[PDB]
Each structure stands twice: as structure tokens, then as C-alpha cells.
$ cat entry.cif   # mmCIF, C-alpha atoms
data_target
#
loop_
_atom_site.label_atom_id
_atom_site.label_comp_id
_atom_site.auth_asym_id
_atom_site.auth_seq_id
_atom_site.Cartn_x
_atom_site.Cartn_y
_atom_site.Cartn_z
CA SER A 348 0.00 0.00 0.00
CA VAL A 349 0.91 3.73 0.02
CA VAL A 350 0.82 4.34 3.81
CA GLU A 351 2.06 2.08 6.59
CA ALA A 352 -0.39 -0.02 8.59
CA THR A 353 -1.33 1.37 12.02
CA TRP A 354 -3.73 0.40 14.77
CA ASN A 355 -6.13 3.01 13.31
CA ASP A 356 -6.74 0.31 10.67
CA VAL A 357 -8.68 -1.80 13.24
CA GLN A 358 -12.38 -1.12 12.76
CA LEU A 359 -14.43 -2.07 15.81
CA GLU A 360 -17.93 -3.47 15.46
CA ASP A 361 -20.65 -0.81 15.39
CA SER A 362 -23.56 -1.16 17.81
CA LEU A 363 -25.90 0.06 15.06
CA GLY A 364 -24.92 0.52 11.46
CA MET A 365 -25.91 0.77 7.85
CA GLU A 366 -24.46 -0.14 4.44
CA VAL A 367 -25.52 1.61 1.29
CA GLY A 368 -25.23 1.07 -2.46
CA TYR A 369 -23.67 3.84 -4.53
CA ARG A 370 -27.00 5.23 -5.81
CA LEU A 371 -27.82 6.12 -2.16
CA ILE A 372 -24.54 7.78 -1.11
CA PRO A 373 -25.88 11.20 -2.25
CA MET A 374 -28.56 11.08 0.51
CA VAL A 375 -26.11 9.91 3.21
CA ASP A 376 -23.48 12.55 2.35
CA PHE A 377 -21.99 14.55 5.19
CA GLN A 378 -20.77 17.09 2.57
CA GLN A 379 -23.74 17.22 0.20
CA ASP A 380 -27.30 17.67 1.46
CA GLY A 381 -27.70 14.56 3.61
CA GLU A 382 -31.45 14.24 3.03
CA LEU A 383 -31.44 11.07 5.22
CA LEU A 384 -29.10 12.07 8.06
CA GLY A 385 -31.71 14.67 8.92
CA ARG A 386 -34.37 11.99 9.22
CA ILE A 387 -32.09 9.79 11.34
CA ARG A 388 -31.38 12.61 13.82
CA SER A 389 -35.07 13.21 14.14
CA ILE A 390 -35.51 9.51 14.94
CA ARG A 391 -32.83 9.42 17.62
CA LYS A 392 -34.19 12.64 19.13
CA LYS A 393 -37.86 11.50 19.03
CA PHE A 394 -36.75 8.33 20.63
CA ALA A 395 -35.11 9.66 23.76
CA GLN A 396 -37.88 12.07 24.49
CA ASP A 397 -40.28 9.12 24.08
CA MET A 398 -38.71 5.85 25.19
CA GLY A 399 -36.23 7.41 27.60
CA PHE A 400 -32.78 6.71 26.19
CA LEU A 401 -30.52 7.75 23.34
CA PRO A 402 -30.04 5.05 20.69
CA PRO A 403 -26.43 4.65 19.57
CA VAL A 404 -25.04 6.54 16.55
CA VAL A 405 -25.78 4.98 13.20
CA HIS A 406 -22.43 4.30 11.54
CA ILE A 407 -23.12 4.46 7.79
CA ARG A 408 -20.60 3.18 5.28
CA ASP A 409 -20.99 2.16 1.64
CA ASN A 410 -20.37 -1.29 0.19
CA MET A 411 -20.14 -1.94 -3.49
CA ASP A 412 -21.33 -5.55 -3.45
CA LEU A 413 -24.85 -4.18 -2.97
CA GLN A 414 -27.26 -3.36 -5.74
CA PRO A 415 -27.21 0.34 -6.65
CA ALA A 416 -30.26 1.30 -4.54
CA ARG A 417 -30.13 -1.29 -1.73
CA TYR A 418 -29.50 -0.67 1.99
CA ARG A 419 -28.57 -3.07 4.74
CA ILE A 420 -29.25 -2.30 8.40
CA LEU A 421 -26.82 -3.93 10.82
CA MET A 422 -26.66 -4.59 14.55
CA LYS A 423 -23.28 -5.51 16.05
CA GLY A 424 -22.37 -6.73 12.56
CA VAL A 425 -25.37 -8.94 11.80
CA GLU A 426 -27.87 -7.78 9.20
CA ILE A 427 -31.23 -7.16 10.91
CA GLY A 428 -33.14 -5.75 7.93
CA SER A 429 -32.69 -4.64 4.32
CA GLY A 430 -34.61 -3.08 1.48
CA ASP A 431 -34.47 -1.12 -1.77
CA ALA A 432 -34.93 2.67 -2.03
CA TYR A 433 -34.76 4.68 -5.28
CA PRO A 434 -33.83 8.38 -5.01
CA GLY A 435 -35.58 10.12 -7.91
CA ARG A 436 -38.76 8.17 -7.24
CA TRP A 437 -41.34 8.31 -4.44
CA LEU A 438 -43.40 5.54 -2.89
CA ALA A 439 -47.17 5.20 -2.98
CA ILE A 440 -48.89 2.95 -0.49
CA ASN A 441 -52.52 1.93 0.06
CA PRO A 442 -53.56 2.04 3.77
CA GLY A 443 -55.71 -1.03 2.97
CA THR A 444 -58.79 1.04 1.98
CA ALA A 445 -58.04 3.12 -1.16
CA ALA A 446 -59.30 2.19 -4.64
CA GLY A 447 -57.39 2.26 -7.93
CA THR A 448 -54.02 1.09 -9.13
CA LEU A 449 -51.07 2.84 -10.72
CA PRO A 450 -48.15 2.13 -13.08
CA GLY A 451 -45.19 0.42 -11.48
CA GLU A 452 -43.36 -2.53 -9.98
CA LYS A 453 -45.84 -3.62 -7.31
CA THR A 454 -43.73 -4.49 -4.25
CA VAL A 455 -44.76 -5.52 -0.74
CA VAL A 456 -42.23 -3.06 0.73
CA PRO A 457 -40.28 -4.26 3.83
CA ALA A 458 -40.37 -0.90 5.67
CA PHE A 459 -44.14 -0.89 6.15
CA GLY A 460 -45.12 -4.52 5.69
CA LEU A 461 -47.82 -3.33 3.25
CA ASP A 462 -48.20 -3.55 -0.54
CA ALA A 463 -47.10 -0.47 -2.44
CA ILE A 464 -45.96 0.82 -5.82
CA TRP A 465 -42.82 2.84 -6.41
CA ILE A 466 -43.94 5.74 -8.64
CA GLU A 467 -42.16 8.61 -10.32
CA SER A 468 -42.24 12.16 -9.07
CA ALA A 469 -45.00 13.77 -11.16
CA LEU A 470 -47.85 11.34 -10.30
CA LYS A 471 -48.01 12.82 -6.78
CA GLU A 472 -51.29 14.78 -6.49
CA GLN A 473 -53.13 12.00 -8.34
CA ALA A 474 -51.78 9.23 -6.12
CA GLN A 475 -52.72 11.21 -3.00
CA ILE A 476 -56.30 11.71 -4.25
CA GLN A 477 -56.84 8.09 -5.37
CA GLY A 478 -56.35 7.20 -1.68
CA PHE A 479 -52.62 6.54 -1.44
CA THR A 480 -50.04 7.73 1.06
CA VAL A 481 -47.05 9.20 -0.78
CA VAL A 482 -43.60 9.31 0.84
CA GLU A 483 -40.14 10.44 -0.23
CA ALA A 484 -37.32 7.95 -0.64
CA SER A 485 -35.27 8.86 2.45
CA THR A 486 -38.49 8.41 4.43
CA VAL A 487 -38.63 4.79 3.26
CA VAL A 488 -35.20 4.06 4.75
CA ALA A 489 -35.88 6.16 7.81
CA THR A 490 -39.25 4.52 8.61
CA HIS A 491 -37.59 1.13 8.16
CA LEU A 492 -34.80 2.09 10.63
CA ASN A 493 -37.37 3.33 13.15
CA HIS A 494 -39.21 -0.09 13.39
CA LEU A 495 -35.92 -1.90 13.76
CA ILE A 496 -34.76 0.36 16.70
CA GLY A 497 -38.07 0.03 18.52
CA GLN A 498 -38.02 -3.71 18.21
CA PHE A 499 -34.38 -4.23 19.24
CA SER A 500 -34.34 -1.43 21.82
CA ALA A 501 -33.73 -4.03 24.53
CA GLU A 502 -30.42 -5.19 22.92
CA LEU A 503 -29.44 -1.69 21.78
CA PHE A 504 -29.66 -0.67 25.46
CA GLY A 505 -26.20 -1.86 26.40
CA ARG A 506 -24.36 -1.46 29.67
CA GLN A 507 -22.49 1.58 28.25
CA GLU A 508 -25.87 3.14 27.43
CA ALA A 509 -27.10 2.39 30.98
CA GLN A 510 -24.17 4.22 32.56
CA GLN A 511 -24.71 7.11 30.17
CA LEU A 512 -28.34 7.22 31.36
CA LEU A 513 -27.36 6.99 35.02
CA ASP A 514 -25.27 10.11 34.41
CA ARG A 515 -28.22 12.05 32.93
CA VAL A 516 -30.37 11.06 35.92
CA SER A 517 -27.58 11.89 38.33
CA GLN A 518 -27.64 15.57 37.25
CA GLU A 519 -31.33 16.11 38.06
CA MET A 520 -31.69 14.04 41.25
CA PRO A 521 -28.09 13.36 42.37
CA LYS A 522 -29.30 12.34 45.80
CA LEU A 523 -31.01 9.28 44.29
CA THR A 524 -27.96 7.95 42.47
CA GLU A 525 -25.09 8.70 44.92
CA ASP A 526 -25.94 5.70 47.06
CA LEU A 527 -28.01 3.37 44.96
CA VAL A 528 -25.18 2.30 42.65
CA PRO A 529 -22.79 0.80 43.39
CA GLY A 530 -24.11 0.97 47.00
CA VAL A 531 -27.32 -1.13 47.12
CA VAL A 532 -27.71 -2.01 43.45
CA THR A 533 -24.82 -2.81 41.14
CA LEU A 534 -24.89 -1.22 37.68
CA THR A 535 -25.17 -4.79 36.36
CA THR A 536 -28.43 -5.21 38.24
CA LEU A 537 -29.80 -1.82 37.21
CA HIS A 538 -29.02 -2.53 33.59
CA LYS A 539 -30.69 -5.94 33.79
CA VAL A 540 -33.80 -4.20 35.19
CA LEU A 541 -34.08 -1.40 32.58
CA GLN A 542 -33.41 -3.97 29.89
CA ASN A 543 -36.18 -6.27 31.12
CA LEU A 544 -38.37 -3.14 31.08
CA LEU A 545 -37.49 -1.98 27.57
CA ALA A 546 -37.98 -5.59 26.46
CA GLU A 547 -41.76 -5.46 27.11
CA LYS A 548 -42.32 -1.95 25.65
CA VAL A 549 -42.56 -0.26 29.10
CA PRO A 550 -41.12 3.28 28.98
CA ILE A 551 -38.34 4.12 31.42
CA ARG A 552 -38.67 7.88 31.48
CA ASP A 553 -39.67 7.63 35.11
CA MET A 554 -36.26 6.97 36.59
CA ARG A 555 -37.43 8.85 39.69
CA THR A 556 -39.90 6.02 40.29
CA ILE A 557 -37.54 3.21 39.28
CA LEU A 558 -34.69 4.24 41.57
CA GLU A 559 -37.05 5.11 44.46
CA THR A 560 -38.56 1.63 44.08
CA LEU A 561 -35.27 -0.22 43.77
CA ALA A 562 -33.71 1.59 46.77
CA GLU A 563 -36.73 0.49 48.78
CA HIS A 564 -36.61 -3.22 47.82
CA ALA A 565 -32.96 -3.80 46.91
CA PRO A 566 -31.73 -4.54 50.47
CA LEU A 567 -34.18 -7.41 50.93
CA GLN A 568 -33.99 -8.74 47.33
CA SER A 569 -31.40 -8.62 44.52
CA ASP A 570 -32.63 -10.87 41.73
CA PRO A 571 -33.27 -8.67 38.67
CA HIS A 572 -36.00 -11.01 37.42
CA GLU A 573 -37.65 -10.26 40.83
CA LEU A 574 -36.93 -6.53 41.22
CA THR A 575 -38.17 -6.24 37.65
CA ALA A 576 -41.58 -7.53 38.70
CA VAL A 577 -41.65 -5.01 41.55
CA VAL A 578 -40.65 -1.99 39.49
CA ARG A 579 -43.47 -3.00 37.14
CA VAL A 580 -46.09 -2.56 39.84
CA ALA A 581 -44.56 0.83 40.66
CA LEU A 582 -45.27 1.72 37.04
CA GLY A 583 -48.80 0.34 37.08
CA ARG A 584 -50.65 3.61 36.60
CA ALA A 585 -48.34 4.31 33.67
CA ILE A 586 -48.55 0.84 32.06
CA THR A 587 -52.34 0.84 32.48
CA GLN A 588 -52.57 4.21 30.79
CA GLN A 589 -50.30 2.94 28.03
CA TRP A 590 -52.43 0.16 26.59
CA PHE A 591 -55.77 1.49 27.97
CA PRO A 592 -55.98 5.27 27.59
CA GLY A 593 -58.85 7.20 29.19
CA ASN A 594 -60.86 5.67 32.04
CA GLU A 595 -63.22 3.68 29.83
CA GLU A 596 -63.62 -0.10 29.83
CA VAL A 597 -60.66 -2.46 29.86
CA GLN A 598 -61.37 -5.21 27.31
CA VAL A 599 -58.67 -7.74 28.19
CA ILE A 600 -57.78 -11.31 27.34
CA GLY A 601 -57.79 -13.61 30.36
CA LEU A 602 -56.94 -17.21 31.05
CA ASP A 603 -59.22 -19.87 32.55
CA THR A 604 -59.42 -20.56 36.31
CA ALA A 605 -58.39 -24.19 35.81
CA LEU A 606 -55.65 -23.38 33.27
CA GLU A 607 -54.37 -20.87 35.85
CA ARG A 608 -53.82 -23.55 38.50
CA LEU A 609 -52.59 -25.99 35.83
CA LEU A 610 -49.61 -23.67 35.22
CA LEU A 611 -49.41 -22.46 38.83
CA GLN A 612 -48.79 -26.10 39.78
CA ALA A 613 -46.07 -26.64 37.14
CA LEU A 614 -44.35 -23.56 38.62
CA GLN A 615 -43.30 -24.64 42.15
CA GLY A 616 -41.01 -27.69 41.82
CA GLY A 617 -40.73 -27.41 38.05
CA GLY A 618 -37.60 -26.27 36.25
CA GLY A 619 -39.78 -25.40 33.25
CA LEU A 620 -43.04 -26.34 31.60
CA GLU A 621 -43.61 -29.69 29.92
CA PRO A 622 -43.73 -30.22 26.14
CA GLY A 623 -47.42 -31.11 25.87
CA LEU A 624 -48.74 -27.84 27.32
CA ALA A 625 -46.48 -25.80 25.01
CA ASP A 626 -48.06 -26.21 21.59
CA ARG A 627 -51.61 -26.07 23.03
CA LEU A 628 -51.03 -22.61 24.49
CA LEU A 629 -49.71 -20.96 21.31
CA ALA A 630 -52.68 -22.18 19.27
CA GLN A 631 -55.27 -21.48 22.00
CA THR A 632 -53.44 -18.18 22.62
CA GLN A 633 -53.37 -17.07 18.97
CA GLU A 634 -57.05 -18.03 18.91
CA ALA A 635 -58.03 -15.38 21.46
CA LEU A 636 -55.62 -12.94 19.79
CA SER A 637 -57.52 -13.13 16.48
CA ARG A 638 -60.93 -12.42 18.07
CA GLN A 639 -59.78 -9.19 19.73
CA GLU A 640 -58.25 -8.17 16.38
CA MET A 641 -61.76 -8.18 14.88
CA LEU A 642 -63.62 -6.85 17.96
CA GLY A 643 -61.35 -3.76 18.04
CA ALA A 644 -59.80 -4.65 21.43
CA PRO A 645 -56.07 -4.58 22.36
CA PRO A 646 -53.84 -7.69 22.55
CA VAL A 647 -53.37 -7.73 26.33
CA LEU A 648 -53.31 -10.88 28.45
CA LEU A 649 -54.05 -10.31 32.14
CA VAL A 650 -52.67 -12.98 34.45
CA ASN A 651 -52.05 -13.70 38.11
CA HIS A 652 -49.01 -11.89 39.49
CA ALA A 653 -46.84 -14.98 39.94
CA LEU A 654 -47.47 -16.16 36.34
CA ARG A 655 -46.45 -13.03 34.43
CA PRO A 656 -42.63 -13.42 34.60
CA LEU A 657 -42.82 -16.69 32.62
CA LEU A 658 -45.85 -16.45 30.34
CA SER A 659 -44.14 -13.36 28.93
CA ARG A 660 -40.78 -15.17 28.79
CA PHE A 661 -42.47 -18.06 26.93
CA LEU A 662 -45.28 -16.67 24.79
CA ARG A 663 -43.56 -13.49 23.68
CA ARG A 664 -40.70 -15.15 21.77
CA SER A 665 -43.33 -16.56 19.38
CA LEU A 666 -46.05 -13.87 19.37
CA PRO A 667 -44.24 -10.63 20.31
CA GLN A 668 -47.47 -8.85 19.47
CA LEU A 669 -48.63 -10.03 22.88
CA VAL A 670 -48.59 -7.94 26.04
CA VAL A 671 -48.55 -9.97 29.27
CA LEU A 672 -49.65 -7.87 32.28
CA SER A 673 -50.59 -8.67 35.89
CA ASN A 674 -53.77 -8.10 37.89
CA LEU A 675 -51.47 -6.25 40.36
CA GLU A 676 -50.30 -3.81 37.66
CA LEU A 677 -53.74 -2.38 36.74
CA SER A 678 -55.40 0.58 38.44
CA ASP A 679 -58.34 -0.11 40.76
CA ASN A 680 -60.39 2.83 39.46
CA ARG A 681 -60.75 0.79 36.19
CA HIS A 682 -63.60 -1.42 35.01
CA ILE A 683 -62.39 -4.79 33.66
CA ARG A 684 -64.18 -7.15 31.25
CA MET A 685 -62.49 -10.31 29.95
CA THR A 686 -63.79 -10.40 26.34
CA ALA A 687 -61.68 -13.41 25.23
CA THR A 688 -60.34 -16.38 27.17
CA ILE A 689 -57.80 -19.18 26.96
CA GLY A 690 -59.51 -22.47 27.85
CA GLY A 691 -61.25 -25.37 26.09
CA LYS A 692 -62.42 -23.31 23.04
#

$ encode --input "entry.cif" --output "C-alpha cells"
Amino acid sequence: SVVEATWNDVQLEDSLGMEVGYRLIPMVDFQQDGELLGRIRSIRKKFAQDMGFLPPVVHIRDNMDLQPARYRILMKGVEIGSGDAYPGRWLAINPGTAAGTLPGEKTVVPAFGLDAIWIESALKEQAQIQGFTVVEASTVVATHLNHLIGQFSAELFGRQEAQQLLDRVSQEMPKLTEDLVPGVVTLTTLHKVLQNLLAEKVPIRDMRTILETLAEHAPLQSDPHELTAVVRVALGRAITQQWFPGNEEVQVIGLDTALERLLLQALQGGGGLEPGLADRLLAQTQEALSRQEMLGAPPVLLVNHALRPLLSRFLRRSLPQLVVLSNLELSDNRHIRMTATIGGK
């Protein structure tokens, strides 16, 4: 080569990254406009003021093995999503209800999970008025990034990100922090708690309540999978108001009184559930899920407080659409009504 090899030639693995074909470099250009880097900043901003932490910088490099207009989205090196985005063009998408068609390569685009037609620039006002939603091309990439962050936010929330958060908390209630870590709770434990929380879509903007609650219970208990369940109940009014806004009815999914004990039994001296139960749940569970999807009701299962740690650990890795709550985490001022059940069909 021209210049001698130095340690600066060691590229470390990026927490969150992106690779881009040459036809897309113009929208990821530092020097030129950067039509996309604007949209990425707005995602990282609107994520911290919303989910309570700053996602890690998106390291974008180009890679010439890719098609001209293809992007890969990477996490810690592994590709976690990819798609095609064409700069001169726009995208037209039916929300499921519009009528008409249009000229183009019909593609079930990966960013939205809907069917949609890439169209050229001038058909805009017509596509909007036939019933379509018309987006720019950077917006396609950006929207695709945004789903991937809010689906991997548990694994993007690394220990280095937890310390960085602890330092933002520590400048607005320094009392709280000075003696909770590494005093009563080790940063390992705190991180395992906030990660278990981000994992089930539970916002952690209320550090005031999470540290107050830990500092109360940490001396007499230090299993994260146990403190997690107790921070959850501290956040009950906030979790309730997440999936059930207003003070109207609470149309939940529940499980059967016998099935409850069936599992409650398998809990005590069991190291895990047995194979037979397994496949019955997921079918019987997806059964009740499909009813609520027609009725207009949310996908929330409401279980006994000792069953939630493990129905969510078991069901969610198949149907991550599913929210698994606890009767102890709902507000009392709320009217319940189990409008779908998990029993003998």
C-alpha cells in the first residue's frame, strides 16, 4: 500500500450501522445535502424524548457488493433488515382502503409490511387523491430504521448506554444515584432491570420512580428477574394508561381458572413447563388474539401476578405482538371485562 499499517486500521464493530449502495450515497453525504441524516437525527431525538434513552449513533458506510439502490441495516455486525430505495422516485402505499391502481413494480415493501408501488415524481397529487399515502425515498429508509430500533431497543440498550443514562439522571436528582449504585444495586443489576423493562415496551422515562422503588426493595432482594416484577407494579398507573388510555372499559384477554392452576402447579417444583402444554397454548393463545383483532380490542393478556414473569418469557418469543400484564399492575379505578379467554375453546 501507500501508507504504513497502524492500529487506526482496526475497525471495531458498530452497535448500530448501515451499508448503502452507490446510488444512495448522495442522501447519506456529510458534505452534500444529507437528506437522510436529517431523518435519522429526528428519529434518535424523538426516541429519547419518548422511550427514555438515546439510541447509539448509526455508523453508515458504503459497500459496493450491494445493488445500486439497496440498503442493509446492521446490529453488532449482523444484518437485521434490508430493502431497496430509489432516489428520484417516491413511494405510494394503500392504507388497505383506497381504490385504484397505478403504473409500477408492485412491491410488498419491507419498511411498512404493506403492498405499495414505487412511482415517479410527477404522479403525486393524483396518487394522494386516489387514496394513497405518498412518501419520499429517504423516508422509506428512515421509517424502516425506526421499526428496527423500537423492536431491538432491549439489545441496543447496552451497559455503556445504561451508565450514560445513570449520568443524565444523576444531574437532576443526584441524591437518588449517589448511594443506589454501586451501594445497594450494582450497575449490572440496574441494567438488567431497565433492559427487562425496555424488552416489554414499558417506557423508562420515570427513573425517579424506578430508583425510588429499587432503593426500597434492593436490600431485601437482589434478583433482577424479581426486582423487575416489583418496578413493574410501581409503574402500574403508567402501564395501564399505556395500553388502555382514558378511564373507559378495559377489554382484556384472560386465562381460565383451571388453566391458571394448571400452570401455577407446574411452577413450584418445576424447572420449566412440559412439552405437551407448550403447543396447546400458542394455538389457543393465537385463537383469542384473532378475536380481539376483529372486535377492536387490544392484545393484552391479564394474568395472576406470579405467572407473568414466565408467560411473557415463553409466549412473547413466538407472538411478540402479545402484552402480558398482571392483575397487580392495573389501576383499581378501572372497570375490567375479559372479552376473550384461553380455555377449552

$ axis_aligned_box --input "entry.cif" --around "segment 660-669 of chain A" --padding-each-side "6 Å" --output "AutoDock Vina command-line options"
--center_x -44.7 --center_y -13.5 --center_z 24.1 --size_x 19.9 --size_y 21.2 --size_z 21.4

$ resolve_selection --input "entry.cif" --expression "the PyMOL selection byres ((chain A and resi 561) around 10)" --output "PyMOL selection string"
chain A and resi 527+531-532+537+540+556-560+562-566+568-569+574-575+577-578+581

$ resolve_selection --input "entry.cif" --expression "the PyMOL selection byres ((chain A and resi 440) around 8)" --output "ChimeraX atom specification"
/A:438-439,441-442,461-464,479-481

$ closest_residue --input "entry.cif" --among "A:548, A:391, A:584, A:423" --to "residue 668 of chain A" --atoms "only C-alpha atoms"
A:548

$ residues_around --input "entry.cif" --residues "residue 459 of chain A" --least-positions-apart "4" --cutoff "10 Å" --atoms "only C-alpha atoms" --output "JSON, numbers by chain"
{"A": [440, 455, 463, 487, 490, 491, 494]}

$ write_last_selection --input "entry.cif" --atoms "C-alpha atoms" --output "PDB file, in the coordinates of the input"
ATOM      1  CA  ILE A 440     -48.890   2.950  -0.490  1.00  0.00           C
ATOM      2  CA  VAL A 455     -44.760  -5.520  -0.740  1.00  0.00           C
ATOM      3  CA  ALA A 463     -47.100  -0.470  -2.440  1.00  0.00           C
ATOM      4  CA  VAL A 487     -38.630   4.790   3.260  1.00  0.00           C
ATOM      5  CA  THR A 490     -39.250   4.520   8.610  1.00  0.00           C
ATOM      6  CA  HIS A 491     -37.590   1.130   8.160  1.00  0.00           C
ATOM      7  CA  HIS A 494     -39.210  -0.090  13.390  1.00  0.00           C
TER       8      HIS A 494
END

$ residues_near_point --input "entry.cif" --point "(-26.0, -0.4, 35.8)" --cutoff "7 Å" --atoms "all atoms listed in the file" --output "number ranges by chain"
A: 506, 509-510, 533-538

$ resolve_selection --input "entry.cif" --expression "the PyMOL selection byres ((chain A and resi 648) around 7)" --output "PyMOL selection string"
chain A and resi 599-601+646-647+649-650+670-672

$ closest_residue --input "entry.cif" --among "A:368, A:399, A:497, A:447" --to "residue 554 of chain A" --atoms "only C-alpha atoms"
A:399

$ residues_around --input "entry.cif" --residues "residue 390 of chain A" --least-positions-apart "6" --cutoff "9 Å" --atoms "all atoms listed in the file" --output "PDB file with C-alpha atoms, in the coordinates of the input"
ATOM      1  CA  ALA A 489     -35.880   6.160   7.810  1.00  0.00           C
ATOM      2  CA  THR A 490     -39.250   4.520   8.610  1.00  0.00           C
ATOM      3  CA  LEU A 492     -34.800   2.090  10.630  1.00  0.00           C
ATOM      4  CA  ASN A 493     -37.370   3.330  13.150  1.00  0.00           C
TER       5      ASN A 493
END

$ residues_around --input "entry.cif" --residues "residue 485 of chain A" --least-positions-apart "5" --cutoff "8 Å" --atoms "all atoms listed in the file" --output "list in words"
residues 374, 382, 383, 386, 432 and 434 of chain A

$ residues_near_point --input "entry.cif" --point "(-28.4, -8.0, 15.4)" --cutoff "9 Å" --atoms "all atoms listed in the file" --output "JSON, numbers by chain"
{"A": [362, 363, 421, 422, 423, 424, 425, 426, 427, 499, 502]}

$ atom_distance --input "entry.cif" --atom1 "atom CA of residue 572 of chain A" --atom2 "atom CA of residue 598 of chain A"
27.9 Å

$ residues_around --input "entry.cif" --residues "segment 629-645 of chain A" --least-positions-apart "6" --cutoff "12 Å" --atoms "all atoms listed in the file" --output "JSON, numbers by chain"
{"A": [589, 590, 591, 592, 596, 597, 598, 599, 600, 601, 602, 603, 606, 623, 658, 661, 662, 663, 664, 665, 666, 667, 668, 669, 670, 671, 684, 685, 686, 687, 688, 689, 690, 691, 692]}

$ residues_around --input "entry.cif" --residues "residue 514 of chain A" --least-positions-apart "4" --cutoff "12 Å" --atoms "all atoms listed in the file" --output "list in words"
residues 400, 507, 508, 509, 510, 518, 519, 520, 521, 523, 524, 525, 528, 534 and 554 of chain A

$ decode --input "entry.cif" --residues "segment 458-470 of chain A" --atoms "N, CA, C and O atoms" --output "PDB file, in the first residue's frame"
ATOM      1  N   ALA A 458     -40.293  -1.936   4.648  1.00  0.00           N
ATOM      2  CA  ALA A 458     -40.367  -0.896   5.673  1.00  0.00           C
ATOM      3  C   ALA A 458     -41.737  -0.849   6.347  1.00  0.00           C
ATOM      4  O   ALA A 458     -41.831  -0.656   7.568  1.00  0.00           O
ATOM      5  N   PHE A 459     -42.814  -0.981   5.572  1.00  0.00           N
ATOM      6  CA  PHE A 459     -44.145  -0.885   6.154  1.00  0.00           C
ATOM      7  C   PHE A 459     -44.812  -2.236   6.367  1.00  0.00           C
ATOM      8  O   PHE A 459     -45.711  -2.338   7.211  1.00  0.00           O
ATOM      9  N   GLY A 460     -44.397  -3.267   5.635  1.00  0.00           N
ATOM     10  CA  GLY A 460     -45.116  -4.522   5.688  1.00  0.00           C
ATOM     11  C   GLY A 460     -46.437  -4.489   4.960  1.00  0.00           C
ATOM     12  O   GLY A 460     -47.289  -5.348   5.201  1.00  0.00           O
ATOM     13  N   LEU A 461     -46.629  -3.507   4.082  1.00  0.00           N
ATOM     14  CA  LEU A 461     -47.816  -3.332   3.254  1.00  0.00           C
ATOM     15  C   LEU A 461     -47.422  -3.425   1.777  1.00  0.00           C
ATOM     16  O   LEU A 461     -46.239  -3.406   1.424  1.00  0.00           O
ATOM     17  N   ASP A 462     -48.432  -3.536   0.905  1.00  0.00           N
ATOM     18  CA  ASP A 462     -48.203  -3.554  -0.541  1.00  0.00           C
ATOM     19  C   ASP A 462     -48.225  -2.130  -1.090  1.00  0.00           C
ATOM     20  O   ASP A 462     -49.029  -1.292  -0.660  1.00  0.00           O
ATOM     21  N   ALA A 463     -47.338  -1.855  -2.045  1.00  0.00           N
ATOM     22  CA  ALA A 463     -47.104  -0.475  -2.444  1.00  0.00           C
ATOM     23  C   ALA A 463     -46.317  -0.439  -3.741  1.00  0.00           C
ATOM     24  O   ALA A 463     -45.567  -1.366  -4.061  1.00  0.00           O
ATOM     25  N   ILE A 464     -46.487   0.661  -4.470  1.00  0.00           N
ATOM     26  CA  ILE A 464     -45.963   0.821  -5.820  1.00  0.00           C
ATOM     27  C   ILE A 464     -45.020   2.017  -5.832  1.00  0.00           C
ATOM     28  O   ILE A 464     -45.430   3.155  -5.563  1.00  0.00           O
ATOM     29  N   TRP A 465     -43.756   1.758  -6.146  1.00  0.00           N
ATOM     30  CA  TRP A 465     -42.819   2.840  -6.413  1.00  0.00           C
ATOM     31  C   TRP A 465     -43.242   3.598  -7.667  1.00  0.00           C
ATOM     32  O   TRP A 465     -43.362   3.003  -8.745  1.00  0.00           O
ATOM     33  N   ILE A 466     -43.451   4.911  -7.539  1.00  0.00           N
ATOM     34  CA  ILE A 466     -43.941   5.736  -8.638  1.00  0.00           C
ATOM     35  C   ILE A 466     -43.000   6.911  -8.850  1.00  0.00           C
ATOM     36  O   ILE A 466     -42.234   7.285  -7.964  1.00  0.00           O
ATOM     37  N   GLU A 467     -43.055   7.495 -10.043  1.00  0.00           N
ATOM     38  CA  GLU A 467     -42.158   8.607 -10.316  1.00  0.00           C
ATOM     39  C   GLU A 467     -42.741   9.884  -9.740  1.00  0.00           C
ATOM     40  O   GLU A 467     -43.856   9.909  -9.222  1.00  0.00           O
ATOM     41  N   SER A 468     -41.965  10.959  -9.846  1.00  0.00           N
ATOM     42  CA  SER A 468     -42.235  12.164  -9.071  1.00  0.00           C
ATOM     43  C   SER A 468     -43.569  12.817  -9.433  1.00  0.00           C
ATOM     44  O   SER A 468     -44.308  13.257  -8.545  1.00  0.00           O
ATOM     45  N   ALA A 469     -43.890  12.916 -10.726  1.00  0.00           N
ATOM     46  CA  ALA A 469     -45.000  13.768 -11.156  1.00  0.00           C
ATOM     47  C   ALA A 469     -46.385  13.185 -10.856  1.00  0.00           C
ATOM     48  O   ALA A 469     -47.361  13.942 -10.824  1.00  0.00           O
ATOM     49  N   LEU A 470     -46.511  11.867 -10.628  1.00  0.00           N
ATOM     50  CA  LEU A 470     -47.847  11.343 -10.295  1.00  0.00           C
ATOM     51  C   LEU A 470     -48.313  11.712  -8.905  1.00  0.00           C
ATOM     52  O   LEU A 470     -49.266  11.067  -8.448  1.00  0.00           O
TER      53      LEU A 470
END
